[PDB]
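Participant: Everything below, folded, please.
(4 chains, ligands or ions: 7)
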Amino acid sequence: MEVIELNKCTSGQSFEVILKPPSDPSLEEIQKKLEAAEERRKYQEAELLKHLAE
Amino acid sequence: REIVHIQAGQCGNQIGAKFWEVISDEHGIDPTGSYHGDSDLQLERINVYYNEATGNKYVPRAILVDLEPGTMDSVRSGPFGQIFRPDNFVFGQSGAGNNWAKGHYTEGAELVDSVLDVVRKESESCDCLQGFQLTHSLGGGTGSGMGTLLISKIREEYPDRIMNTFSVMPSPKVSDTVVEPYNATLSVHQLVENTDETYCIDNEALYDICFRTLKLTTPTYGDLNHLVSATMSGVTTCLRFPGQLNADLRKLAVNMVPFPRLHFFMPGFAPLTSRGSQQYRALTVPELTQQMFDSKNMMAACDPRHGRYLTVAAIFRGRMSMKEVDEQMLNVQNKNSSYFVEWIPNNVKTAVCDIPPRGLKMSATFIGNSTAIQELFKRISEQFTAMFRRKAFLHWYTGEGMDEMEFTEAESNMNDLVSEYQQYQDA
Amino acid sequence: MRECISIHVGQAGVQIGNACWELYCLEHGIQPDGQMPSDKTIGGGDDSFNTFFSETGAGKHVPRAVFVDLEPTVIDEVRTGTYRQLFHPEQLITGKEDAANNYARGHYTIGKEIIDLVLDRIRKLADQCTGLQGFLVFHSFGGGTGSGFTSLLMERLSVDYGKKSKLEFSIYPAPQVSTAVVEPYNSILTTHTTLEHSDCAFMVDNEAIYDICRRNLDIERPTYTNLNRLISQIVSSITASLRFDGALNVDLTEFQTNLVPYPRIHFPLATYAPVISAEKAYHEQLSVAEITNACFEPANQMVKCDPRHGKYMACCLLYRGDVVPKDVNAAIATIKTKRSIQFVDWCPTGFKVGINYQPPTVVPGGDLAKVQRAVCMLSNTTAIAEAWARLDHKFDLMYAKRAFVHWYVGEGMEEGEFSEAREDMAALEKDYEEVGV
Amino acid sequence: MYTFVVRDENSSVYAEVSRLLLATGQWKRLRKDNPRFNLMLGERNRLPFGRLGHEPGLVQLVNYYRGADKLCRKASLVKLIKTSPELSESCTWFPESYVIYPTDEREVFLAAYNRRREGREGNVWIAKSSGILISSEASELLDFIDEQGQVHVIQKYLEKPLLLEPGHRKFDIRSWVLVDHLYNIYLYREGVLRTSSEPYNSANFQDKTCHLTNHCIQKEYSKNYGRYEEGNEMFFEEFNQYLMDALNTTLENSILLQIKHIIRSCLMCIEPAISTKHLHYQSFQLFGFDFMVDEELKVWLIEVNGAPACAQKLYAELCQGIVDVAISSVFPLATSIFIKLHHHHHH
Ligand SMILES: *[C@H]1[C@@H](C)[C@H]2[C@@H]([C@H](O)[C@H]3[C@H]4[C@H]([C@H](OC(C)=O)[C@H](OC(C)=O)[C@@]32C)[C@]2(C)[C@H](C[C@@H]3O[C@@H]3[C@@H]2OC(C)=O)C(=O)[C@@H]4O)[C@]2(C)[C@@]1(O)OC(=O)[C@@]2(C)O
Ligand SMILES: Nc1nc2c(ncn2[C@@H]2O[C@H](COP(=O)(O)OP(=O)(O)OP(=O)(O)O)[C@@H](O)[C@H]2O)c(=O)[nH]1
Ligand SMILES: Nc1ncnc2c1ncn2[C@@H]1O[C@H](COP(=O)(O)OP(=O)(O)CP(=O)(O)O)[C@@H](O)[C@H]1O
Ligand SMILES: Nc1nc2c(ncn2[C@@H]2O[C@H](COP(=O)(O)OP(=O)(O)O)[C@@H](O)[C@H]2O)c(=O)[nH]1
Ligand SMILES: [Ca+2]
Ligand SMILES: [Mg+2]
Ligand SMILES: [Mg+2]
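Facilitator: Numbers count the residues shown, from 1 in each chain, chains lettered A, B, ... in the order given. Ligands and ions are numbered 1, 2, ... in the order given. There you are, the coordinates:
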C-alpha cells in the first residue's frame, strides 16, 4: 500500500512497497593448514615406501 | 592424460593382444598404425592409449612381458602384431612353470628391471601419466607371480599413480594345473594391497557363458578371450572417448571404491546372443538394461542376489534414447532397491557413448562393486585349503625359497577380505 | 562507478561463465571481438557496463573475469571458442590434472600448488580498478575443484581484499546430471569453509533447472548447454542492476543490505518467470500479474522447496521489459490475499522492486522464446533450508560408514574436518528453524 | 509393483492399511530408511517433508499434509479461526475461546468473563491443551493453567448439551474425514457417538465421567460403562432412529448438515497453505473431527485430530476406503463409503 523511494531513469524505475511494518583466518594460519596437510601426505608416502622396502 | 598398458604371461598377452585389436578398430587404427577413420571423435582422446610417432603413426603405449618367448612370438605374427613398439617386447627364456614363486622371486626377479626400464621410457613421454593397467592371469606363474612383482615395483616408483588390473581368476572348470589356487591366493594377497581397481574375470563364468548362453559345446581360450576383450573395450570406453562420467582412472576409483581393500569389480556385458535367426533381432534399451544386470551376463561367477551393490557403473554404447536409458536405469534401482546399499545414496552412475562396438548397433557394459564377489574368493580359499591342509604340491614353491608361513599369511588376508565384504553386506 | 571481478572455478563455473558473458555481450551490444559501436568514449569510461568490462585503447571491451580449472580441456574450449578474442590469455588459468571429485585434493593437494598464481592474476585485474567492489564467484558444490579450490580461494580473498564483498553463484548437486557419489561430502565441506567468507550466495539446484527445461522447454533430456543458458538468464537478471542505470542493488554491499539481515543465513531463493519454449508456435503473452504470481510457484524456483512453510526475511522483484509500478502493486495486492506469505516479526512485510524497460535478451537459436516481460524474484526464505536437510541426510548415511573417507584422508585432510563441517551445518539448520518456526 | 515405507508403528489405522496394501500383492514394504518409495506412512512428529519428492522416476505420496497442525492443535485452532476472515471472531459454530499462557488473551478473557456473570447467564468454562479443568471461577481456571506449566486454551463450556434418554447422558460425535491429493474432501458415512454412561450433573462440575466423554475415561471411572451400548459407542443407525422416535427429526437434517458445513469451512480455509496441487510431492491425510450438540440441536466444533484411531467396528471399511480413494487413485492396481463435500453457491 505504502510506496516509497520511487526512482526513475530512462532505463527503468525502482521503488519499495511496504504492506505492513514489523514488530577470519590469517595468511599464516592458512599457510599452516596447507603445510600440515602436505606433511601428512608426506608421512603416508614414507610409510608406504618403508613397507615396500621391507 | 596417458595410461601405460602392461600384459604379462600367456593369458595376459593373449587377452592383451585381443584388446588392442578391438580398440584399434574402434579408433580407426590399422595394423600398420595409420588412421583410416571418418570421425574426429575417434582421435580426440586417442592419446590416452596411443603414442603419436613420426609419419603420423599411432603406437600403443603397451609393454609385453613374459618369461618365455612363445606367446609373444605369436602376438608378433598376429593380426595387429606389427603395431606394437618392438622395444617393448621384454622376455626371458626359462618360463615360470605355473609357479608363482618363480615369477615373483627367482625367474621374474631376473627380468623385472628390464621391464621397469621400458615402463620408465614410456612414462617419460607422457604429458601427464594418470596410471597403469595390467592384464594377466592369477592361476599361472608369470602373469600371477611376476605380474604382482611388477605392480609392487611400479607402486614404489610411481606411488601417486593409479594401478588398474584385468585379472583372470582360475577355475577347475577351465584349468591347466592343480596349483592354480595357490598361485591365485598368493596373487590376491598382492592385489588387495597394491591395486586401486581390479576387474575380476572368472574363467568359470566365461566358460558358462560360452556353453549355456552362446551354445558353444567346446569353447577354446580364444573364444573365452572374445568375451574379455569385448568387456575390456566397454569398461574403458569412458577413458577413450569424450564424456562426463569416470573419464579417468582416479575419478572412476573415487566413484567405485568406498573402502580401499574392496576394489574388486564384477564386469558384465550385453547383448550375448547365440548364433541363429535371433542374432539379427533388434535390441531395445529395456532389453539391454535387463540383460546387463542379469547374472548370466556377469564375467565373475557370483550371484548378485547373494549380496548387495556398493557401487555400479553402467555404460551404454550406440545410437539410442538418452531419456529411455535414464528411465530404464532408474527402473532397475527402484524395482530392486534392496540390492543397492541404502547408505551410499545414488550409487549407480550411467554413461552413454555414441560409438558402438564392432558388429553391434548397441551394447551395454556393466561394472559392479558387489559384496557377492566374496563367493569368488571363498571358492579359491576352499580349493587352497583342501591342498594346503596336507601341504600338497608345496615342494614346487619351497624349492624356490618360499616358506609355509607366506602361504598361511596370504590365506588369512584373503579370508579377511571375505569377512570384510560380509560386514557391509549385513550393514 | 565501481568495478566487479568475476571468478569462474571448475567445469561448472567455467561453462556457466561462458553462458553469462555471451549473454552480457548480447545485452550490451558487444561483439565477439570485444568491439562496442555504441560506446562513444573510446579507450575508457565509467559507465555502468564498465563495472564488468574494461576498455583497451583500440576499443576492445574485455570482461573483468578470471577462469580457473585444475584440468585444461574445458577452459581450452574458451581459448578456441567464439569468444576467444574477448579474453586475455592471463585471464585463463589451467592446471594439468584435476581434483578427481575430491574436495581434499582440490583444497589441499593441488590447491596449494596453484593458489598464489591465481591470486597474482586476480591482482592484475584489481590493479586496473579505480574502485573495486568485490567478487562474483561461480562454482559447483560437487566438483573437487568447484568445492575444494573455491573455499581456499575465498579464504585468501578475505585476507588480501578484506573490505571487499564476495557473492557466490553455486550449483547444488542433483543425481540426474551429477558425476560423483561423494558430491554431498564436497558440498558440505566447501559450505562449512566458505560460510564466513561469503556475503551472499545464490544456490542453483540442477534438479530444479533440469525439470524446468523438461517441463517448460519440452527438452526430453537437458544438457549442460540447456541448463547453462537458463542459468545465465537468471544470473543476468540478478546482475543487471550492476550493469545498467538504476537505484536498486547498484553495488554489492546493497545485495547484503537488502537480502541478508542475518549473515550466516545468506542464501536467497531465486524464482524466475516466464520460461517459454522458442518452438511454441502459439504463445499468449503473460501479464505482470501472471508472471508475478508465478514467482510463488515452487515449480519455477531455482531450488525446489515450500516457502509457505517458512518465513521471509526479505523479497526483491526484478522486472525486465514492459512493466510499470502500478501494475506491479496491483499484482502484489491480489497475490497477498490468495497466497501464504509470512515475514519474520522483526522485518517489514514488503517488496523492493526494480524495473528495467529492456525485455530479456535471448541467445539466437537458443531454447528460450522472446517475451514482452519477465521477472526474477529474490527472496530470503527459511524454506531453502530444505536443501541443507536433504544434503546433510545423504552426508550422514555415507559418513556413518566412513564410505569414501579414505580418499580425503589420503590427500592430507584430517577426518575431524568431516564432523566439524557437519556440525556447522547442523547449527545452520538450527538457525533457519529458529528464525522460520 | 509399488513400494511403501512405514514410519509410525503405533498407528492402528495405517497398520491396517499396510496389511491391506501387502495383501494386494502389488505393494512391497521397504526398510524404514529406504528412500526409493512411492508411499510414505509417516511419523507424527518432525516428518521430513523436505526430503520428499526428490527421487527421479518415483511419484511420491505421504499420508500427512504439511501445515495441517494449525488445525489439529488446541491453541492453533483458536488462533486460526479468530484471525481468518473465512471463519472470523464471530464464528457461530465454535465456542468462545481464548489462548492463555502460563507465567496471550488473559486480560481479554476476563473482560468477557465479567459481563457473562454480570448478566444473569451461565459462566462455566473449560481449560485444556493438546489435564482438564471445568470451573465457574475465573481465578480457579487461571491458577490451574500456571500450575500445569503448559500452553493452554480456555473455552466456553456448553452448559446445555443434548442428553440421550434413557440415562440423561452426554456425548460427542467423531467424524472421520479423508482429504486426498486433489484436495477432495471425503466424509466417511459412518461416524460414532462416544457416550457418557453417567447422568449429566450441572451441580457438580467434577465427576468427569459425566462431563468428559473420552472413550478411555468412561472405561476407568464410570460404573456403568457398556451399560446402554457396547463400549459407550452409539453409531449413526441407532442415533438416527433415536432422533426420529424422540425428537421427530433425522440425523441428516438436525446435525449432519452443520457437520458437513463446518468440515468444509475449516479445510477450505487452510487449503492455500497446505495444498500439494503443484508440489513435487503429494499429500493426503485422515482427520478426526469432534463435535458437541446442544439441546437446541446446534452443532459445535470441539477439536480436530490429525492422527485419529478408529472404532473397532469400522476399521476394515475405513482403511479399505483409504486405500481406494487416497492411495490407489495415485497408484492404480492391475457404492462409495464417502460423502464428497463440495458446494458452489453463486453470490
Ligand atoms: C571361437 C568362436 C566362438 C568365435 C570366433 C569368432 O571370432 C567369434 C565371433 C563372435 C561369435 O559369437 C557368437 C558365436 O555368438 C563367436 O565368439 C564367441 C562366441 O565368443 C565367434 C564365432 C561374434 C559373431 C562376433 C560378432 C558379433 O558380436 C557377435 C559375436 O560375438 C559376440 C559378442 O557374441 C564376431 O564376429 C566374432 O568374430 C573365433 C574365431 C573362435 O572360432 O575362436 C576365436 O578365437 C574366435 C573367438 O575369434
Ligand atoms: N548446471 C551445470 N552444472 C554442471 C556443469 N558442469 C558440471 N556441473 C555439475 O557440477 C558437479 C561436478 O563438478 P564439476 O564442476 O564438473 O567438477 P570440477 O569443479 O571441475 O572439479 P574436478 O573435476 O573434480 O576437479 C556435478 O554435480 C555436475 O552436475 C555445467 O556446465 N552446468
Ligand atoms: N466447550 C466444551 N463444552 C462442553 N464439553 C466439552 C467442551 N470441550 C470439551 N468438552 C468435553 O471434553 C471432552 C474432551 O475434550 P478434548 O477434545 O480436549 O479431548 P481430546 O483432546 O482427547 C478428544 P480426542 O481424543 O479426539 O483428541 C470432549 O469430548 C467433550 O466431552
Ligand atoms: N581366458 C583365458 N585364460 C587363460 C588363457 N591362458 C591361460 N589362461 C588361464 O591362466 C592360468 C594359467 O596362467 P598362464 O597365463 O597360462 O601362465 P603364465 O604364462 O605363467 O602367466 C589358468 O588359470 C588358465 O585357465 C587364455 O588364453 N585365456
Ligand atoms: Ca567507453
Ligand atoms: Mg599357460
Ligand atoms: Mg573438472
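
Participant: what about residue C:218, neighbour count?
Facilitator: For residue C:218, the count of nearby residues is 11 (other CB atoms under 10 Å in any protein chain shown). For every residue, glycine as well, the C-beta is placed using N, CA and C.

Participant: And for the one 3 residues further on?
Facilitator: A count of neighbours around residue C:221, defined by other CB under 10 Å, yields 18.

Participant: go on, residue C:59?
Facilitator: Residue C:59 sits with 15 neighbouring residues when counted by other CB under 10 Å.

Participant: next one: the one 10 residues further on
Facilitator: Neighbourhood size, residue C:69 [other CB under 10 Å]: 28.

Participant: Leaving out the residues flanking it, which one is nearest to it?
Facilitator: Leaving aside its chain neighbours, residue C:69 sits nearest to residue C:75 (5.1 Å; criterion: CB to CB, 6 or more residues apart in numbering or on different chains).

Participant: pretty sure that neighbour contacts residue C:91?
Facilitator: No: applying CB atoms under 8 Å, one finds residue C:75 not in contact with residue C:91, separated by 9.8 Å.

Participant: what residues are shared contacts of the two?
Facilitator: By CB atoms under 8 Å, 6 or more residues apart in numbering or on different chains, residue C:75 and residue C:91 have these common neighbours: residue C:67.

Participant: out of the two, which sits in the more crowded spot?
Facilitator: residue C:75 (24 against 21).

Participant: Which strand or helix spans that one?
Facilitator: Secondary structure from DSSP states H and E places residue C:75 in helix C:73-79.

Participant: before we move on, what about residue C:328?
Facilitator: Using DSSP H and E, residue C:328 sits within helix C:325-338.

Participant: Who is residue D:125 paired with across the strands?
Facilitator: Note on residue D:125: beta-bridge partners by DSSP bridges are residue D:135, residue D:156.

Participant: so who does it touch?
Facilitator: Residue D:125 is in contact with D:113, D:134, D:135, D:136, D:138, D:141, D:154, D:155, D:156, D:157, counting by CB under 8 Å, 6+ apart.

Participant: so how far is residue C:13 from the residue nearest to residue C:69?
Facilitator: 10 Å (CB to CB, to the nearest Å).

Participant: Return the member of the contacts of residue D:125 nearest to ligand 1.
Facilitator: Checking the contacts of residue D:125 against ligand 1 with CB to the nearest ligand atom, the nearest one is residue D:155 at 78.4 Å.

Participant: Could I get the full set of strands for chain A?
Facilitator: Listed in chain order, the strands of chain A (DSSP state E) span residues A:2-9, A:12-20.

Participant: Equivalent analysis for the stretch 201-350 of chain B, please.
Facilitator: For the stretch 201-350 of chain B, the strands defined by DSSP state E, counting those that start in this stretch cover B:264-270, B:309-318, B:348-353.

Participant: Most neighbours among the contacts of residue D:125, which one?
Facilitator: Across the contacts of residue D:125, neighbour numbers were computed from other CB under 10 Å; residue D:154 holds the maximum, 26 neighbours.

Participant: Against which helices or strands is the helix or strand hosting that residue packed?
Facilitator: Secondary structure assignment for residue D:154, by DSSP H and E: strand D:152-156. Here strand D:152-156 touches helix D:74-83, strand D:97-100, strand D:125-128, helix D:138-148, going by 3 or more CB pairs under 8 Å, 6 or more residues apart in numbering or on different chains; DSSP states H and E.

Participant: hmm, back to that, among the strands of chain A, single out whichever gets nearest to ligand 5.
Facilitator: Each of those has some distance to ligand 5 by CB to the ion; the shortest is strand A:2-9, at 19.0 Å.

Participant: strands paired with that closest one, and their directions?
Facilitator: Short version: by DSSP bridges, strand A:2-9 pairs with strand A:12-20 (antiparallel).

Participant: what angle do the partner strand and helix C:325-338 make?
Facilitator: Put simply, strand A:12-20 runs at 30 degrees to helix C:325-338, going by axes from the mean of the first three to the mean of the last three CA atoms, to 10 degrees.

Participant: If we ignore the residues flanking it in sequence, what's nearest the closest residue to ligand 1 within chain A?
Facilitator: Nearest residue of chain A to ligand 1 (CB to the nearest ligand atom) works out as residue A:52 at 38.9 Å. Leaving aside its sequence neighbours, residue A:52 sits nearest to residue B:156 (CB to CB, 6+ apart; 4.7 Å).

Participant: can you check residue D:254 too?
Facilitator: Residue D:254's closest residue in space is residue D:297 (CB to CB, 6+ apart), at 4.5 Å.
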